[PDB]
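Throughout, protein chains are lettered first and strands after them, A, B, ... in sequence-line order, and every chain is numbered starting at 1.
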Amino acid sequence: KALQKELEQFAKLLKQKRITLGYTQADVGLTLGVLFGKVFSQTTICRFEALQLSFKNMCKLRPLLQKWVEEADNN
Amino acid sequence: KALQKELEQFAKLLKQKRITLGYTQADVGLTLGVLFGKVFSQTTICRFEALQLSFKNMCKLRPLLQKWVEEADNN
Amino acid sequence: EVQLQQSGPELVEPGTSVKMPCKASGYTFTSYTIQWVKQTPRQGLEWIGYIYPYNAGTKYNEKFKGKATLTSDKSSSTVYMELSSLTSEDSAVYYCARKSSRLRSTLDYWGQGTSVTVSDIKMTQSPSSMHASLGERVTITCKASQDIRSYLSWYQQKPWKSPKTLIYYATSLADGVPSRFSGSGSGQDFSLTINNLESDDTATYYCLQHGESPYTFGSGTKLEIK
Amino acid sequence: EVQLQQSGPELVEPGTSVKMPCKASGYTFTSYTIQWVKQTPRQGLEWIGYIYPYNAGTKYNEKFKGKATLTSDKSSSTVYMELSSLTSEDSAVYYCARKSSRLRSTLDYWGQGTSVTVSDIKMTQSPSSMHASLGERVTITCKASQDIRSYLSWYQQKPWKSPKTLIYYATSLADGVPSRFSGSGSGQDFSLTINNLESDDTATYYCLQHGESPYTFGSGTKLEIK
Amino acid sequence: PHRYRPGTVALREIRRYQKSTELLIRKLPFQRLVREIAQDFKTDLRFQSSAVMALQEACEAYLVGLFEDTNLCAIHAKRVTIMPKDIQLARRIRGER
Amino acid sequence: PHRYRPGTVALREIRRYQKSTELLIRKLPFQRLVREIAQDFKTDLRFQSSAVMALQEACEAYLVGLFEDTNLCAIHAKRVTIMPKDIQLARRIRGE
Amino acid sequence: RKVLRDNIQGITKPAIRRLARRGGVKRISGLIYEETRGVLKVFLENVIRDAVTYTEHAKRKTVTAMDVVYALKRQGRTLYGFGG
Amino acid sequence: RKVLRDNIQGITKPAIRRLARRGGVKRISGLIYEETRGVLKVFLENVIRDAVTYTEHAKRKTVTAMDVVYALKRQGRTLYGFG
Amino acid sequence: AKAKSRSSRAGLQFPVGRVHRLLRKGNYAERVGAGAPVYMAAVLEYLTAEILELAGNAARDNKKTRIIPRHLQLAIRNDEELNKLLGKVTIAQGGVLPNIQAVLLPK
Amino acid sequence: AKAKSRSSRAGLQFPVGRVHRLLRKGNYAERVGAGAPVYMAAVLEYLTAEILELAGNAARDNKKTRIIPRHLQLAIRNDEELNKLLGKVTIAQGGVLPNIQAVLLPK
Amino acid sequence: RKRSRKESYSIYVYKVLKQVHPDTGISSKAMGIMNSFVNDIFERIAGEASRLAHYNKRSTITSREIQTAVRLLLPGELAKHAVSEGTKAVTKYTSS
Amino acid sequence: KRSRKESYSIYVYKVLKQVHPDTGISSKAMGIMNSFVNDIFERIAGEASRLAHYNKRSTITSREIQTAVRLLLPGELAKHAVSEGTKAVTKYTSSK
DNA sequence: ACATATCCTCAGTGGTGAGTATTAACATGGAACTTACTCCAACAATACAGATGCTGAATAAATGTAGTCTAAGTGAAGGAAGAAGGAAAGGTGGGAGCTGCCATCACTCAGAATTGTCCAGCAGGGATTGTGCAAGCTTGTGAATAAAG
DNA sequence: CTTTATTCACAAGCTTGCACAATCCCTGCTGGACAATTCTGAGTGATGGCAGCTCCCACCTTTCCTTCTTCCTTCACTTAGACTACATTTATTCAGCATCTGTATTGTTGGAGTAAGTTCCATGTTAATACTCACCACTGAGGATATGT
């Protein structure tokens, strides 16, 4: 009830940021694997943007894309 | 080593004879289909002229064009 | 499930014409006729006419010929009502209802009704209005002019709301209506009985006849609770 | 009822091509394949091919592939045969017959046959020609190179006449044939028996197998009475 | 003199024959056709009059329905005159071919 | 690069899909469609897998036959493009 | 005993025009008549064949209206007002 | 259980294009897809109503392949290969 | 011991007993419960009354006081339900519905 | 008496006894004539043999040993009488016959 | 001598006609049409009920099979009113 | 102790090994053949039942089956089916 | 915009005879009643298979763009269909005779259902096998692009 | 502007390897066959008479054949855009595994409900009979129509 609203807002902001800089979902997964050493498929990124996975896996994955979002703003 | 040199020389002879007699590659093909009953596309004829076919295919195709060469010199 | 979408209220100066839609969904559009009725404070509900979209076959009330015309668009599943030469006494609530082609069926589902403001058999209801408590019996009588062979329906209408079908064929319960309501009678004598009252039973009850060519509504009975 | 009209005799120069029609009447045209057979005095009968007018699906003999082309015209109910590059060895009688798409059915009705004159499995018939008087038993054998399940037919041909179907499926009598004729056998051995001889029994008897892709006729046996 | 335009008399013929219910084919030629058709299946056949009437009613209903379908096919091709291709298309879609 | 002209890949797809026999609609969307359609009649009813497979087979065969009739109507109208009017004419002549 | 023949021409051109008019047809091509005769002959042949089969099963020499009705129902063309 | 709204859009444009290709269609108008979805829906509703009626008469809660087969056979669309 | 045939006991006009006998002799099932003929007779009577009243209305809107096959055809072909039920049925002497295509009309 | 079967007596592979039992319990008539199951089993065996032989021929032309539903569909749809017999039948996994209209081809 | 006795529904069709249209007759052809209609609907409903009983391994045709057959055969509001009429008839029958 | 359900699989396999003694059959094709045999049985039995009913007879004999085969099958197909049925009945009667 | 003869269609009058409606006769099938049996609700136990959730690899669908080729509109010719009129023919309705076969009645006998026994054929489950399909390689070909005459 | 040679993308023919399913084998169990008996249904015949042929005739409506008019179909040209083709990105599906739990299946009981046989009498069908609603005859009005103003 509280987690899903925040996750939806974060997913919308992530999708808008991905659209703005022109990165693709596969490029997002490749840069995530480059940075944090845990590559993720484009299916995982697209499912994350659509909120399709379980809330446990969403909460587990969220800090990595948060780190990617704040890192990509400068580089 | 031995086969490719002879096939190159015979391909040069075939192209020179085709240029001299004025026929096209398709004309060579339908003439082969006429006097052997096994029609071949002009792509095969030009690939023989360009040597792009495999060496087994070139060796299989060589006696038929030899027959066409000796036939075309009289009729 | 079955819905009859309509437009909003219309403000029209006299002498022109107005067209209103009756967009429908949730059922086979061509297998049900669309009926149009008008409601005024002066004389209550009155049946305008109907159109059958299966063959585009219309039938109008005698007093509404020329004033009202009905059209159908099978592609959009829509029925259009056109009023021409809007006089002063045309500002009313125009309702469109669904009715099967079966003679026993009645106007089961209704639209919201468009409020337009311009800038036979006489069916008699004996009790014009009564007050009752929350647990007694209610009886309403709908004596008819001529004989109708059980082709009578009972509708309940909340104020500022489309009517809801209660009884069809003078005895049958409508879809979703409880067993509290009970119709009875035949020929020229019909009656509706409410078992025990509730808070939401305060409304206007009408009895409609569709045995003859022009369908005529009842005068209307006002039931207030406690 | 069922007939297959054919054209007159052709006197043709070598190197050309010829159309032969097989106009059919008396039956549903698309439900039966049309078979084309050639007959010469040197080597008897050869099955040229067939065409199915229902889907226009053809199938030619291997030796006749390219030489003969079959076409259909469903509007006029006609089947045309193209002979291309005619040589002097092609002066023969070309018959067209009808055959149902059922595997058991044989070539039942035959055309007149056009005489064109230019300016596997082996059937073996034991008696090349038999001499018989009016009233004895007649037996002919049709030993087959391979195994054909009972897909053997027996035909009778008068001189200068189209062949007539006697037996189909190695035992069944053709339509209108008397019960005097009989068929027997199966697999690789087949026999045709004529009970008592009439004067009209003098003719040539052939056996045709249609159990495999190229249909093959027998050598034929000549029979004469007194 | 006075002549009716083509398609004006045709419309009145459509309105006249779509309002009546009697048989449109003559009875005697249809009976002769029925007898000749049935004689190819069995010789010395006899028909009740009701059998021939039922056959004519079924045949006329079939032909009228086929002509309605053919008219729809002709209208789909942006024409007003029906042709044998329209009948063939209607029979092919109906499954009779 | 190389591009084929319009209608060539369409003819290739016609040959390919007439040569094959497997189902052409994905199983999951058809299962969801069948289930939501059935939910209007009965509120909580299960489906055998073979029931959904039979429904998909019947629907795809019906659609292929209707498209054949629609193509016939379009060719009758001197066109190569099937329009909704062709589908409507085919369904009207069929009796639907 | 007799031998009828060529009776398909008895379905005249005006009769076919009347049948087309009841179907709502405005213009008729000249080749419509032969096609209509062929279609009517095929339909009559199928119906009469089933009716004669029904008659032969009953060992009767007369075709009744019930046989025609059964044949029409067997071809999915059920007819009312003639029995059954 | 969820409500399962919409879902007619799951019959995608490429799926309808493939179904037209098997039917021999070469060019497809842009408005064909919505009409095909409506037709298909109507057909599925007609079959599924009969199948559900057969299931309800048997007092079962599961729609079997036999029920779909009887529903299809009763519409003159007999299906082979499912019992 | 008395009266009250099964049709009158169910408040019907169609014969419940004849329907039961036809069900028994029609080769439909090994047994026939005694609610099946009543239900069936009621359904047949309802369909007959519906078609008859529609045909009577069609005859009344013709200045005629006798139902002919034309009135039955007009009642059946003017109904979606009814036309779909009797969609493969030919009514003898019923004619066709008056229907001209819009493009065929002159203008 | 060693209990020889009726199918062996009739020279058939289809079950005459099972056909007789299905005729008895199928609600078709009061009695069965004891030559009806033999005739019927013979007709069913003939139709099955014809369809199987055509399907096996189609598989042989496809260079296949095992008959699949595609071969059955090809055998039925390529025959006038068989296609008329099964005109309203849908064969699961049978596909369609290859058929492109001549106007659709290039040039 | 011999006998001639046919049986039909023309007696009860006239009763229903007098019930719904008191001042209205019916021609003999219309009576034959109504007889054929009643017979056809009877055979349709009885065949569907027989098939329904056979599918469920039951050896008796009850009102419950007839109701399901009426729901299968008749279209929507027609089937609804027919089911209501049959249910009310059976309820009136099993009360006396 | 699940129930036993019967099918025409072994008889269809026997016929297949008679007409093609090298070709096999898949399970889906066997299901198609089972459906075909059941459908043809139902068609012929229903037509024979109606034929026996039309003539006021209470027995379905081989004559009814022959007439139903002639009515239901197309021409050459019905002719060969009638020949096979007559041969089977004659060989059965001539036995014992 | 308007004015006008010209066949064509619905509206009522009258008579009246084809058909529908009303009154006995009767036979025959539906109802009352009882007894025999049997079928299918009704619980009860239980396995299984359909719904649901993950999860990653395939696989496909959605988007966006370039460009071709097709559908649709316009105009003109011509010829095909139809309207009208006169001559011909043959369909329709009635009025006979005549007999062939359709339907009914009755019998008996040959076949079809009943019932009890048992055995062997076949369906379910488990080992055994082998066909065709996935996959990689080679190839011949049709379609489309670049060139030469 | 017209044929003609690269070029390309594609499907088809070959050549292993497996593992998914087809073939076969074993075991009960149930359904089909043997045999005697009883029970009908339907083939033989013989009647009665109805209706389906056949023929004659007279009439007048329908059909057929010609001729001229008109307007509908068909074909040549043109072009705007809506389809197709394809690369790229995005998203849904597919396949395998695990949980569970609601439902389909099997088992046994017995009571309601249906079948079967008699008796009979009330209803439905046929034949006879008396009007009745609707079809030609014949004026009569309001619009459909093609031509002229």
Are any non-hydrogen side-chain atoms of [X] and [Y] less than 4.5 angstrom apart?
X       : Y       : answer
G:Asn7  : E:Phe30 : no
E:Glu22 : E:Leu24 : yes
L:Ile60 : J:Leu23 : no

Classify the side chain of [X] and the base of [N] as holding, or not holding, a donor-acceptor pair under 3.5 Å.
X       : N      : value
A:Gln42 : N:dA91 : yes
F:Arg79 : M:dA71 : no
A:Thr43 : M:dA58 : yes

Please determine if a side-chain N or O atom of [X] lies less than 4.0 Å away from the OP1 or OP2 oxygen of [N].
X       : N       : result
L:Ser27 : N:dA22  : yes
H:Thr62 : M:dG50  : no
F:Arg12 : N:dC10  : yes
L:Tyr13 : N:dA22  : no
F:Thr8  : M:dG142 : no
B:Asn57 : M:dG140 : yes

Output the single nucleotide from [options] whose closest atom is nearest the side chain of [X].
X       : options                 : value
I:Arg66 : M:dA62, N:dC133, M:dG93 : N:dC133
F:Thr81 : N:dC34, M:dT131, M:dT70 : M:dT70
I:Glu30 : M:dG30, N:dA104, M:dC39 : M:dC39
I:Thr65 : N:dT7, M:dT139, N:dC133 : N:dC133
I:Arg31 : N:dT114, N:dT84, M:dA71 : N:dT114
F:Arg26 : N:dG41, N:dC94, M:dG124 : N:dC94
E:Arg32 : M:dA41, N:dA9, M:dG91   : M:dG91
G:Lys59 : M:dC40, N:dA33, N:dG43  : N:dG43
F:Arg5  : M:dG50, N:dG124, M:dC69 : M:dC69
A:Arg18 : M:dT28, N:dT90, M:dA71  : N:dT90

Within the 4.0 Å heavy-atom criterion, would you say [X] contacts the bases, only the backbone, or no part of the nucleic acid?
X       : value
B:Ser54 : sugar-phosphate
J:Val19 : nothing
L:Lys96 : nothing
L:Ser9  : nothing
B:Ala26 : nothing
H:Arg60 : sugar-phosphate
H:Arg18 : sugar-phosphate
L:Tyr8  : nothing
G:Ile28 : sugar-phosphate
A:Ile45 : nothing
F:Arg15 : nothing
I:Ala34 : sugar-phosphate
H:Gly10 : nothing
B:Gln25 : base

Spacing of [X] atom [atom1] relative to [N] atom [atom2], expressed in whole Å:
X       : N       : atom1 : atom2 : result
K:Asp23 : N:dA134 : CG    : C1'   : 17 Å
F:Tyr4  : N:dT84  : OH    : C1'   : 14 Å
F:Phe47 : M:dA49  : CZ    : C1'   : 16 Å
L:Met30 : N:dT23  : CE    : P     : 7 Å
F:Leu28 : M:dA61  : CG    : P     : 13 Å
B:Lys56 : M:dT138 : NZ    : P     : 11 Å
E:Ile25 : M:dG91  : CD1   : P     : 14 Å
H:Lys26 : N:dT84  : NZ    : P     : 11 Å

Residue among A:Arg47, A:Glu49, A:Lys15 satisfying side-chain hydrogen bond (donor to acceptor under 3.5 Å, both in side chains) with A:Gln25:
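Among A:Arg47, A:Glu49, A:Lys15, the one meeting side-chain hydrogen bond (donor to acceptor under 3.5 Å, both in side chains) with A:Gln25 is A:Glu49.
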
Step by step, would you call L:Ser9 with L:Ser7 a side-chain hydrogen bond (donor to acceptor under 3.5 Å, both in side chains)?
CA-CA 6 Å; L:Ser9 319; L:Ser7 72; 2.5 Å; yes

Complement of M:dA143, any strand, by Watson-Crick or G-U distances under 3.5 angstrom
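Its partner is N:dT7.
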
Under a 3.5 Å cut-off for both distances, is M:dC2 Watson-Crick or wobble paired, and to whom?
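Base partner found: none.
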
Toward the 5' end of DNA chain N, by each residue's nearest nucleotide, L:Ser58 or E:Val9
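Nearest-nucleotide comparison on DNA chain N picks L:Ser58.
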
Please figure out whether H:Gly30 or K:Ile11 has its closest DNA chain N nucleotide nearer the 5' end.
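In this pair, the answer is H:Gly30.
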
Is N:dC77 a north or a south sugar when classified by the sign of torsion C1'-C2'-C3'-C4'?
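It is south, as the sign of the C1'-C2'-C3'-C4' dihedral turns out negative.
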
Where the sugar of N:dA80 falls when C1'-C2'-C3'-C4' decides north versus south
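Taking the sign of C1'-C2'-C3'-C4' as the criterion, N:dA80 has a south sugar, on the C2'-endo side.
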
Between F:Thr81 and H:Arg27, is there a side-chain donor-acceptor contact under 3.5 Å, judged purely by atom types and distance?
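F:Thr81 and H:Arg27 do have a side-chain donor-acceptor pair below 3.5 Å.
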
Modelled atom types, side-chain donor and acceptor of B:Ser54 and B:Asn57, under 3.5 Å:
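No, no side-chain donor-acceptor pair sits under 3.5 Å.
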
Check step by step if side chain to side chain contact (heavy atoms under 4.5 Å, CB included) holds for G:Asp67 and G:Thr64.
CA-CA 5 Å; G:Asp67 298 344; G:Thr64 63; 3.3 Å; yes

Under the criterion side chain to side chain contact (heavy atoms under 4.5 Å, CB included), I'd like the reasoning laid out for L:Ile25 against J:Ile68: C-alpha separation, chi angles, the key distance, then a yes or no.
CA-CA 6 Å; L:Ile25 197 166; J:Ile68 59 172; over 6 Å; no

If I count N7, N6, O6, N4 and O4 as major-groove atoms and purine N3, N2 plus pyrimidine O2 as minor-groove atoms, which groove does the side chain of B:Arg47 approach to under 5.0 Å?
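Groove assigned: major.
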
Over 60° means perpendicular and under 30° means parallel, so classify the ring planes of I:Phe14 and K:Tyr9, tilted if in between.
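Rings of K:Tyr9 and I:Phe14: parallel, under 30°.
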
